[PDB]
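The next block is structure_1.txt, given as compact mmCIF, C-alpha atoms.
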```txt
# COMPACT_ATOMS: atom_id res chain seq x y z
CA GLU A 1 12.95 -12.11 2.32
CA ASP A 2 11.73 -11.34 5.84
CA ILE A 3 8.42 -10.51 4.14
CA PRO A 4 5.62 -12.98 4.99
CA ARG A 5 2.94 -14.18 2.63
CA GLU A 6 0.09 -13.08 4.97
CA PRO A 7 -1.12 -9.53 5.66
CA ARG A 8 1.04 -7.36 7.89
CA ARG A 9 0.47 -4.19 9.93
CA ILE A 10 2.67 -1.16 9.26
CA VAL A 11 2.47 2.22 10.97
CA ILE A 12 3.69 5.33 9.02
CA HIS A 13 3.77 9.01 10.01
CA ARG A 14 2.77 11.58 7.39
CA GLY A 15 5.43 14.09 6.33
CA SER A 16 5.89 16.90 3.95
CA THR A 17 5.82 14.43 1.00
CA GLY A 18 2.65 12.72 2.37
CA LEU A 19 3.11 9.07 3.11
CA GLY A 20 5.92 8.78 0.69
CA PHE A 21 4.38 6.34 -1.78
CA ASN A 22 2.01 6.24 -4.72
CA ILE A 23 -0.66 3.73 -5.69
CA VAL A 24 -2.03 2.10 -8.83
CA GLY A 25 -4.88 -0.30 -9.41
CA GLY A 26 -8.38 -0.43 -8.06
CA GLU A 27 -10.10 -1.48 -11.30
CA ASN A 28 -11.22 -4.77 -12.75
CA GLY A 29 -9.61 -7.52 -10.88
CA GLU A 30 -6.66 -5.39 -9.62
CA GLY A 31 -6.61 -4.17 -6.03
CA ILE A 32 -4.70 -1.19 -4.70
CA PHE A 33 -0.99 -1.64 -5.10
CA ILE A 34 2.06 0.44 -4.07
CA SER A 35 3.89 1.30 -7.31
CA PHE A 36 6.54 3.75 -6.08
CA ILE A 37 8.30 4.55 -2.80
CA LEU A 38 9.97 7.96 -2.53
CA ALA A 39 13.62 7.79 -1.48
CA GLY A 40 14.11 9.23 1.95
CA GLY A 41 10.37 9.72 2.50
CA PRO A 42 8.30 8.23 5.36
CA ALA A 43 7.57 4.87 3.71
CA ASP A 44 11.18 4.35 2.69
CA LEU A 45 12.63 5.11 6.11
CA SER A 46 10.13 2.75 7.73
CA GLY A 47 11.70 -0.05 5.69
CA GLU A 48 8.57 -2.14 5.77
CA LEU A 49 6.52 -1.43 2.62
CA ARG A 50 7.48 -2.58 -0.83
CA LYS A 51 6.49 -2.01 -4.40
CA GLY A 52 3.95 -4.75 -5.11
CA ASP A 53 2.29 -4.60 -1.69
CA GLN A 54 -1.48 -4.58 -1.89
CA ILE A 55 -3.16 -2.29 0.56
CA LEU A 56 -6.05 -4.01 2.28
CA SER A 57 -7.00 -1.42 4.86
CA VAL A 58 -5.99 2.00 6.14
CA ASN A 59 -7.00 3.02 9.70
CA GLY A 60 -9.74 0.42 9.51
CA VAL A 61 -11.22 1.60 6.16
CA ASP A 62 -11.46 -1.53 3.94
CA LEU A 63 -9.73 -1.00 0.60
CA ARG A 64 -9.98 -4.57 -0.69
CA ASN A 65 -12.68 -3.60 -3.17
CA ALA A 66 -12.00 0.16 -3.52
CA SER A 67 -11.48 2.13 -6.69
CA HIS A 68 -8.33 4.20 -7.03
CA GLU A 69 -10.17 7.35 -6.10
CA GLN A 70 -11.76 5.78 -3.05
CA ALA A 71 -8.36 4.68 -1.89
CA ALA A 72 -6.72 8.04 -2.56
CA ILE A 73 -9.38 9.77 -0.46
CA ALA A 74 -9.03 7.26 2.38
CA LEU A 75 -5.25 7.77 2.42
CA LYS A 76 -5.57 11.59 2.23
CA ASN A 77 -8.04 11.67 5.16
CA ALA A 78 -6.37 9.07 7.37
CA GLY A 79 -4.57 11.53 9.63
CA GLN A 80 -1.00 12.02 10.81
CA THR A 81 -0.41 8.48 12.00
CA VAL A 82 -1.62 5.80 9.56
CA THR A 83 -1.98 2.10 10.13
CA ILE A 84 -1.75 0.14 6.87
CA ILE A 85 -2.60 -3.54 6.45
CA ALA A 86 -0.58 -4.72 3.43
CA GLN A 87 -0.07 -8.10 1.73
CA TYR A 88 2.93 -8.62 -0.56
CA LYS A 89 1.87 -9.86 -4.02
CA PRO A 90 4.68 -9.19 -6.46
CA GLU A 91 3.63 -11.69 -9.10
CA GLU A 92 0.09 -10.42 -9.27
CA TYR A 93 1.45 -6.77 -9.30
CA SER A 94 3.63 -7.70 -12.33
CA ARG A 95 0.74 -9.25 -14.20
CA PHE A 96 -1.13 -5.99 -14.05
CA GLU A 97 1.63 -3.38 -14.14
CA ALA A 98 4.39 -4.90 -16.30
```
What does this structure look like when you write it as structure tokens?
Amino acid sequence: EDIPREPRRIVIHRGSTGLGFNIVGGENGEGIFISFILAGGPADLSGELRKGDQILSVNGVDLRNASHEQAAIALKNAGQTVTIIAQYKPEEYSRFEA
């Protein structure tokens, strides 16, 4: 609704539940997508990320062509304050994850 088509920058702070989201994808022609946002966790309270966002970068590490494992390591090692570049692609998310 107030989500643009182009990539956006979101800053999250890591908590006791991590970043408060989980990821799928990173294989074939599917990039890294947010599949779940934990209620009350850091991503949810930020208000800015959505299921079906593709993660393009985290703290400058390019995740456009990462595998799931590569992305999970980048997110684990990104530190307490994490800058995410995300692009909202709900139709492409549904093609892969429906």
Residue with smallest distance to residue 75 (chain A) - pool A:39, A:59, A:89, A:10, counting all atoms listed in the file: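 Nearest candidate to residue 75 (chain A) out of A:39, A:59, A:89, A:10: A:59.
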Region 44-54 of chain A, all listed atoms, 6 Å padding on each side: what axis-aligned box centre and edge lengths in Å to one decimal come out, as JSON?
```
{"center_x": 5.6, "center_y": 0.2, "center_z": 1.3, "size_x": 26.1, "size_y": 21.9, "size_z": 24.8}
```
One-decimal distance in Å that lies between CA of residue 72 (chain A) and CA of residue 53 (chain A):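 Distance reported for this atom pair: 15.5 Å.
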Within 8 Å of residue 81 (chain A), counting all atoms listed in the file, which residues show up once you throw out same-chain ones fewer than 3 positions away? Write them as a list in words, please.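 The contact residues come out as residues 11, 12, 13, 14 and 78 of chain A.
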If I take CA of residue 46 (chain A) and CA of residue 77 (chain A), how far is one from the other in Å, to one decimal? 20.4 Å
One decimal, Å: what's the distance from CA of residue 85 (chain A) over to CA of residue 45 (chain A), could you say? 17.5 Å
Report as a list in words all protein, DNA and RNA residues lying within 6 Å of residue 84 (chain A), evaluated on only C-alpha atoms, omitting residues in the same chain fewer than 4 positions from it. residues 9, 10, 57 and 58 of chain A
Nearest to residue 94 (chain A) by atom-to-atom distance, counting only C-alpha atoms, from A:22, A:67, A:16, A:35: A:35
Neighbour list for residue 90 (chain A) as number ranges by chain, cut-off 10 Å, only C-alpha atoms, skip fewer than 6 positions in-chain: A: 33, 50-54
Which of these residues is nearest to residue 92 (chain A), using all atoms listed in the file: A:20, A:43, A:32, A:71?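 Of A:20, A:43, A:32, A:71, the one nearest residue 92 (chain A) is A:32, counting all atoms listed in the file.
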Can you complete the atoms of region 11-25 of chain A to N, CA and C atoms and list them as a PDB file, keeping the file's coordinate frame?
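File produced: result35.pdb:
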```
ATOM      1  N   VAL A  11       2.879   0.865  10.544  1.00  0.00           N
ATOM      2  CA  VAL A  11       2.470   2.220  10.970  1.00  0.00           C
ATOM      3  C   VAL A  11       3.454   3.233  10.380  1.00  0.00           C
ATOM      4  N   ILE A  12       2.930   4.255   9.698  1.00  0.00           N
ATOM      5  CA  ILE A  12       3.690   5.330   9.020  1.00  0.00           C
ATOM      6  C   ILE A  12       3.229   6.635   9.623  1.00  0.00           C
ATOM      7  N   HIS A  13       4.115   7.624   9.611  1.00  0.00           N
ATOM      8  CA  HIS A  13       3.770   9.010  10.010  1.00  0.00           C
ATOM      9  C   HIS A  13       3.895   9.926   8.820  1.00  0.00           C
ATOM     10  N   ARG A  14       2.838  10.668   8.567  1.00  0.00           N
ATOM     11  CA  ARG A  14       2.770  11.580   7.390  1.00  0.00           C
ATOM     12  C   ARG A  14       3.767  12.724   7.510  1.00  0.00           C
ATOM     13  N   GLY A  15       4.428  13.012   6.404  1.00  0.00           N
ATOM     14  CA  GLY A  15       5.430  14.090   6.330  1.00  0.00           C
ATOM     15  C   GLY A  15       5.091  15.100   5.280  1.00  0.00           C
ATOM     16  N   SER A  16       6.092  15.870   4.910  1.00  0.00           N
ATOM     17  CA  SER A  16       5.890  16.900   3.950  1.00  0.00           C
ATOM     18  C   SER A  16       5.698  16.384   2.520  1.00  0.00           C
ATOM     19  N   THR A  17       6.093  15.127   2.250  1.00  0.00           N
ATOM     20  CA  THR A  17       5.820  14.430   1.000  1.00  0.00           C
ATOM     21  C   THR A  17       4.669  13.421   1.182  1.00  0.00           C
ATOM     22  N   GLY A  18       3.758  13.653   2.129  1.00  0.00           N
ATOM     23  CA  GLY A  18       2.650  12.720   2.370  1.00  0.00           C
ATOM     24  C   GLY A  18       3.134  11.475   3.051  1.00  0.00           C
ATOM     25  N   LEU A  19       2.633  10.323   2.593  1.00  0.00           N
ATOM     26  CA  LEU A  19       3.110   9.070   3.110  1.00  0.00           C
ATOM     27  C   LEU A  19       4.302   8.536   2.406  1.00  0.00           C
ATOM     28  N   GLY A  20       4.695   9.176   1.317  1.00  0.00           N
ATOM     29  CA  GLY A  20       5.920   8.780   0.690  1.00  0.00           C
ATOM     30  C   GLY A  20       5.781   7.588  -0.257  1.00  0.00           C
ATOM     31  N   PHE A  21       4.565   7.380  -0.766  1.00  0.00           N
ATOM     32  CA  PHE A  21       4.380   6.340  -1.780  1.00  0.00           C
ATOM     33  C   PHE A  21       3.223   6.707  -2.674  1.00  0.00           C
ATOM     34  N   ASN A  22       3.150   6.065  -3.840  1.00  0.00           N
ATOM     35  CA  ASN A  22       2.010   6.240  -4.720  1.00  0.00           C
ATOM     36  C   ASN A  22       1.446   4.890  -5.117  1.00  0.00           C
ATOM     37  N   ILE A  23       0.171   4.933  -5.483  1.00  0.00           N
ATOM     38  CA  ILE A  23      -0.660   3.730  -5.690  1.00  0.00           C
ATOM     39  C   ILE A  23      -1.195   3.650  -7.096  1.00  0.00           C
ATOM     40  N   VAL A  24      -1.371   2.404  -7.565  1.00  0.00           N
ATOM     41  CA  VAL A  24      -2.030   2.100  -8.830  1.00  0.00           C
ATOM     42  C   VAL A  24      -3.069   1.060  -8.542  1.00  0.00           C
ATOM     43  N   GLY A  25      -3.896   0.756  -9.530  1.00  0.00           N
ATOM     44  CA  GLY A  25      -4.880  -0.300  -9.410  1.00  0.00           C
ATOM     45  C   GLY A  25      -6.252   0.173  -9.010  1.00  0.00           C
TER      46      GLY A  25
END
```
